[PDB]
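The listed protein sequences correspond, in order, to chains D, C, A and B. The opening position of the first sequence corresponds to residue 7 in the deposited numbering, with each subsequent residue numbered one higher. The opening position of the second sequence corresponds to residue 7 in the deposited numbering, with each subsequent residue numbered one higher. The opening position of the third sequence corresponds to residue 7 in the deposited numbering, with each subsequent residue numbered one higher. The opening position of the fourth sequence corresponds to residue 7 in the deposited numbering, with each subsequent residue numbered one higher. Quick reminder that beta carbons are idealized off the backbone N, C-alpha and C, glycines included. So the structure is just underneath, and the comments pick up after that.
Protein chains: 4
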Amino acid sequence: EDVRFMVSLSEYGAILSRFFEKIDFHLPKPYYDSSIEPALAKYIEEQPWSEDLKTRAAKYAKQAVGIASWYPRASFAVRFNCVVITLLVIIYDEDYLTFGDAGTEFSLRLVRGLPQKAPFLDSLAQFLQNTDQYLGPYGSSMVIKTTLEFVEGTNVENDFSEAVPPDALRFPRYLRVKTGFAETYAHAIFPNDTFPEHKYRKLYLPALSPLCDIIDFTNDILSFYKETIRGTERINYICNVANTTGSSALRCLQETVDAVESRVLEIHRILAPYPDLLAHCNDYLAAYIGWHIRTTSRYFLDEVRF
Amino acid sequence: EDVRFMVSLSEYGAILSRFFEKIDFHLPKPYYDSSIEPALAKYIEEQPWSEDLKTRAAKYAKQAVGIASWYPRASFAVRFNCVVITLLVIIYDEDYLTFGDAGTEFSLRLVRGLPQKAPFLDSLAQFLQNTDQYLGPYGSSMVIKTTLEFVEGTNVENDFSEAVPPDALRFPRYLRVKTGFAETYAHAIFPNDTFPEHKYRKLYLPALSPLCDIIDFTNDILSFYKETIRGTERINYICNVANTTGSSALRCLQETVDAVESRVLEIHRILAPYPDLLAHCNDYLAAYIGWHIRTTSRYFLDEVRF
Amino acid sequence: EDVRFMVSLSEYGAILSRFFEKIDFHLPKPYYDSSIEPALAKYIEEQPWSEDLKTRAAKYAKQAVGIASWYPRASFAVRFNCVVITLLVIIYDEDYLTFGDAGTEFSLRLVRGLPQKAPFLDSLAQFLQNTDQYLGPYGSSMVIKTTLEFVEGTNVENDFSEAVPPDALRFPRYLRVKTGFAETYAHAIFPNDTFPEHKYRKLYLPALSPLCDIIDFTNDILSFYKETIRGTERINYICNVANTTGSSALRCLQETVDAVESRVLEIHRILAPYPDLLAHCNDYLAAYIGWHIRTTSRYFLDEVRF
Amino acid sequence: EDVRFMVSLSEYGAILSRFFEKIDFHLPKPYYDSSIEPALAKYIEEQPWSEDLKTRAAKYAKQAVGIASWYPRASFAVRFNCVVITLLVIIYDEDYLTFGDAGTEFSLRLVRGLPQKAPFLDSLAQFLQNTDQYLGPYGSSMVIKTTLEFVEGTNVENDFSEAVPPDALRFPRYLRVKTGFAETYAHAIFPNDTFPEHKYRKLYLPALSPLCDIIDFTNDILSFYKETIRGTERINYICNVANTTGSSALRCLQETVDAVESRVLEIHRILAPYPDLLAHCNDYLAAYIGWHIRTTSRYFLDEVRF
Ligand SMILES: [Mg+2]
Ligand SMILES: [Mg+2]
Ligand SMILES: [Mg+2]
Ligand SMILES: [Mg+2]
Ligand SMILES: [Mg+2]
Ligand SMILES: [Mg+2]
Ligand SMILES: [Mg+2]
Ligand SMILES: [Mg+2]
Ligand SMILES: [Mg+2]
Ligand SMILES: [Mg+2]
Ligand SMILES: [Mg+2]
Ligand SMILES: [Mg+2]
């Protein structure tokens, strides 16, 4: 028990309320694409996964299918590929320990062109091998490099528990880059069929970093309840910042809220001359937050007033 | 011509003088290891490169061999591998245009385990496959993902000349992460044979992010002369910051000097309980700066008074 | 009733426990000085006060004599003067209403050299006129100006009740400067005999603002029980912060605890090259807390477990 | 020479431009009152000052008469008294050394009812004795205590030169409170003849503190050129903040502009239900900035383009 990490249910609901007023967020109408869930089921049936892993995936696939709502104007290939990678990332985020050390050999086996040590990781390598179905060469490289960071970040996150963040540093943002997986989702905001890199990458690339900040930090704000209030996670971004600035988690929550609103403003500026790019950005962000609110099985936000 | 980007020899010389005094930099005594240059020449002989590539590589090898001085306490495996990857990185930094679009296929061919479209990129892929000789699995992952960024950053850097950077963003730091290659050199500061990741990674990882800031920004300060005063490069970190904050390049240089100083302080705070880790950092930074000064064929700092 | 201002006995005791080991507070041995009690008794006898006021002053003098323990290594003149002004400040804090509007005339009659409208305020003017017995000119000016603030802050404090601090401002800290009387006690930490101003004022002045924050806030922390849990005061600093930030009084208590710890660290850094000055601060803070705990007749902290 | 304090003329003009557009500053129409200057001249004739001091005063009186414009709605008693105290404060700000140690004895002689050691300080004592012509009792106390702070802050400011503010953080604001004289001007924004304290003090007092920040910080921003770029003052607020946080004066100026905008918003929120009180604040701030711009003999801002 440390008061530093304690945020009351009323305090958190207030933070969320303030957040949504600041960015003028309104809950979109429910998004439905009836092809997504059957296609994801077919994907799972096709993997050379144990029956136990497939049974687990059913619980995680119900959450992954809503990721298609993040890209409502994108092609099916974009939306379905993002849902597939979301299923994979969710499985590893929750169950990385069940794969033993297979996750630690992933990067070397990948660049050696070796079979992976776990069939789940073969599925992930194959996803990496085929991102050219919806992204250009810059984005494919970024999806690969971000995946390697996420796998290692997931494996080492908890090494910093038991209070092993040092008190004076910039480590929380570094680690959050590694855990967040943001560039993979950010690049699909600007798909290569609609926005071929050769013509558009120069226009949208300057907005990529503030977009990634929004992706990482908005999840930190919206999942603080399931991670730290309701849960036992004390090595997420918010708690890492609290431990390295001395501040309460409540203040770091409010600081993160303000940083997101600042990033939202700057993306509006950057993409103001190009309303097609900016319209994909706006659709992503509203659905991203709405997915966090509606996926109560993962984030439990129906236990909060905001 | 524009006044914002011009920096007199006298102004640049003074910035370097106050930078060196502020971080208490002294030129280390020269480092000599008689095995490095023959080993690198043997490496170049063994690559199935064209005779023209081997002739250029002989030139860059004379600049590359000095990187062994950055890790004087480390094994030969650390020092030589860092020299090899430095040779390859200088080749690509200088000559990326001569490989055509082979660099843009590098990441997908890498993870598909296929031959590269240029033998130079095969040599790069083989280096990524073998970092386990001196690094642990986290460090190997980070060398791979950094190399993927460096190739793509070098390929797209100049898309942003001709006044492509919009005037309001986080983009310069984003792009310098990609172009800088910092994590590969930072991870060698803490080699796996001396500092097995299982025991030491949790102790030095909080220091990695400010170290990369130091590596990237210190090159930005010390290579500004050859890039922008002596040369025509206006898409580097300094000029990108100037174009997105409204400041002169002189001001952006001074701010970057201040940032490096702040990072130097915070790494000293982080690593004070671990003097072996701090010693490796101190060896690196003195030699890192000294190499920039001494390699006049690349940075021309003997034309500056400081 | 409103939940926003409710703090339970176990909640408050836990906050106090959290405060004390955060600053490494250990209760000092009882401080005894045989000459303080009789000297204060003679001062009360000599004042041309009514018998009713002298009877009141005898009650408050039992609480006031403990202030000499705040300056254990100071001259008798420092300890006794601090005790006398403490007696006067307690009389006004408790009984300002019994003087009618005499206190509102205090400052203009003072600077006009005129008789005050109540003998009690003549004694207060007389104290302000003799601070050169233990302070230099800067300290004497700060005791005068702080007394003027304290009289007026006490007079207008309760104008802000029944809810009329508007809910978005920095007014709480402003009003607390007025009501707290902190600079008078802070300047006696550095008395002019031991630390003459011409040499020492430039050394200890940078620590005065964080000292005043510690003095003010620490009373806010430790007197919250008698004021708001045990009593009816809802216009103190903690309640004012709660009413202008929308936070619970409980949260505002914790924020103020974190603030005091931050000031303690700041003063330890500032006065590190002057450990004699720091020693006087450490003696002050320990006895200041101890006096709050021991003076149960004013703060009732023997009704709390911590 | 120290780059820490160096701001170029282009950089400073851009800060002022950003500052003015951020608070929507427009230069008010010139304010003229034919009675102000003759009355101030008469006041100066009546003073028992040496002919030298009276001659010196002519230079400062021409600057002081502009202060009536800060209170365009207020009575003559407000505008004229503010001009008089401005004359005395400007004389002491520039010429405090010419009075020897008379300023150090000011506060004790004042509260002892003694004649002051210099005729100039008798005039200052008399002003403090007669503020009831336009202020109520809280305002009168605040003008007295602010005057004592200003006299002492001017006397000891330069003791912190030769680089002796240490590197911790609350000291610059502490010293600026002392030197700024802000409360005396802020109280006249809500004068007792227009806004009798009995009815309005509870309404405007919550805006006093952000007002005082605006008065102190706006001078710091608009007088940085005469003090530090053109001048030799390195103990003002901006330089003191730069020495305690490590930042450049350029960064500290931007931070201060941001704080002023924040205070302006907060005051608009506080006084929104009372547009008459808000109107007096808007008139004050516009004419306060305008007087800085127009008083070129003191601030030299006609040498800056903004
Ligand atoms: Mg995770
Ligand atoms: Mg997670
Ligand atoms: Mg999360
Ligand atoms: Mg280069
Ligand atoms: Mg490069
Ligand atoms: Mg460079
Ligand atoms: Mg009180
Ligand atoms: Mg009280
Ligand atoms: Mg109290
Ligand atoms: Mg001044
Ligand atoms: Mg001045
Ligand atoms: Mg000034």
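| Asked | Found |
| --- | --- |
| At what residues does the alpha helix (DSSP H) containing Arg257(C) begin and finish? | 255–277 |
| Could you tell me whether the Cβ atoms of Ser113(B) and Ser113(A) are closer together than 8 Å? | no |
| Which of helix, strand or coil does DSSP assign to residue 313(D)? | Given a span of 7 to 312 for chain D in the structure shown, any question on residue 313(D) remains unanswerable. |
| Pull every residue with its beta-carbon under 6 Å away from any heavy atom of ligand 5, and keep them in chain order. | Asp99(C), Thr160(C), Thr185(C) |
| Does the Cβ of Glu233(A) lie closer than 7 Å to at least one heavy atom of ligand 9? | yes |
| For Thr251(B), name the three-state secondary structure that DSSP assigns. | helix |
| If you count every other CB in all the chains shown that lies within 10 Å of the CB of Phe312(D), and 16 or more means buried, which is it? | exposed |
| Select from the stretch 185–211 of chain A all residues with a C-beta closer than 8 Å to any C-beta belonging to chain B, and list them in chain order. | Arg207, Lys208, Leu211 |
| Helix, strand or coil for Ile220(B) per DSSP? | helix |
| Classify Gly296(B) as buried or exposed, calling it buried when 16 or more other Cβ atoms lie within 10 Å of its own Cβ. | buried |
| With a threshold of 16 other CB atoms inside 10 Å of the CB of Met148(B), please say whether the residue is buried or exposed. | buried |
| Beta carbon of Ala45(B), beta carbon of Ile97(B): below 8 Å? | no |
| Rounded to whole angstroms, what's the CA-CA distance from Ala108(B) to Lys123(B)? Just pull it up for me. | 5 Å |
| Classify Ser215(D): buried if its beta carbon has 16 or more other beta carbons within 10 angstroms, exposed otherwise. | buried |
| For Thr238(B), count neighbouring Cβ atoms within 10 angstroms of its own Cβ and tell me buried if that reaches 16, exposed if not. | exposed |
| Between which residues of its own chain and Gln53(D) is the CB-CB distance below 6 Å, once the five residues before and five after are set aside? | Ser129 |
| Do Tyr37(C) and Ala83(C) have their C-beta atoms within less than 8 Å of each other? | no |
| Check whether the stretch 302–310 of chain C and the stretch 219–231 of chain C are in contact - that is, three or more C-beta pairs closer than 8 Å. | yes |
| Shorter than 8 Å from the beta carbon of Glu52(D) to some beta carbon of chain A? | no |
| Going by C-alpha distance, which of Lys208(C), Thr110(C), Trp76(C), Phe105(C) is nearest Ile42(C)? | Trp76(C) |
| So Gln260(A) contacts chain D; which residues on that side make the cut at Cβ distance below 8 Å? | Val9, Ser254 |
| What residues from chain D crowd round residue 322(A), counting only those whose CB sits closer than 8 Å? | There is simply no residue 322(A) to check, as chain A begins at 7 and stops at 312 in what is shown. |
| By a C-beta neighbour count over all protein chains shown, 10 Å radius and 16 as the cutoff for buried, is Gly186(A) buried or exposed? | buried |
| Could you check which residue in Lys68(A), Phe133(A), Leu209(A), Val157(A) has the C-alpha nearest to that of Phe105(A)? | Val157(A) |
| Going residue by residue through the stretch 38–77 of chain B, where are the continuous alpha helix (DSSP H) segments of at least 4 residues, counting only ones entirely within it? | 42–52, 57–70 |
| Since I believe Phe133(B) is in contact with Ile195(B) (beta carbons under 8 Å), could you give me their beta-carbon distance rounded to a whole number of angstroms? | 18 Å between Cβ atoms; not a contact. |
| For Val170(B), does the count of other Cβ atoms within 10 angstroms reach 16, so buried, or fall short, so exposed? | exposed |
| When Cβ atoms are compared, which residues of the stretch 16–31 of chain B fall closer than 8 Å to chain C? | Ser16, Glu17, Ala20 |
| Does the beta carbon of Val90(C) sit closer than 8 Å to a beta carbon anywhere in chain D? | no |
| With distances taken from CA atoms, which of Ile221(C), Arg257(C), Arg275(C) is nearest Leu291(C)? | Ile221(C) |
| Helix, strand or coil: which one does DSSP assign to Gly186(D)? | helix |
| Could you give the DSSP three-state label for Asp289(A): helix, strand or coil? | helix |
| Beta-carbon distances below 5 Å to any heavy atom of ligand 6 define the shell here; list its residues in chain order, please. | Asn225(C), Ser229(C) |
| List, in chain order, every chain D residue whose beta-carbon is nearer than 8 Å to that of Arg269(A). | Within chain D, no residue comes near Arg269(A); the closest Cβ sits about 12 Å away, beyond 8 Å. |
| Pop quiz: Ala174(A) and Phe11(A) are said to be a contact at Cβ under 8 Å. What is the actual Cβ separation, rounded to whole angstroms? | Actually they are not in contact, since the Cβ atoms of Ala174(A) and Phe11(A) sit about 19 Å apart, beyond 8 Å. |
| So which residues on chain B does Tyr180(A) lean against when the C-beta distance must stay under 7 Å? | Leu214, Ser215 |
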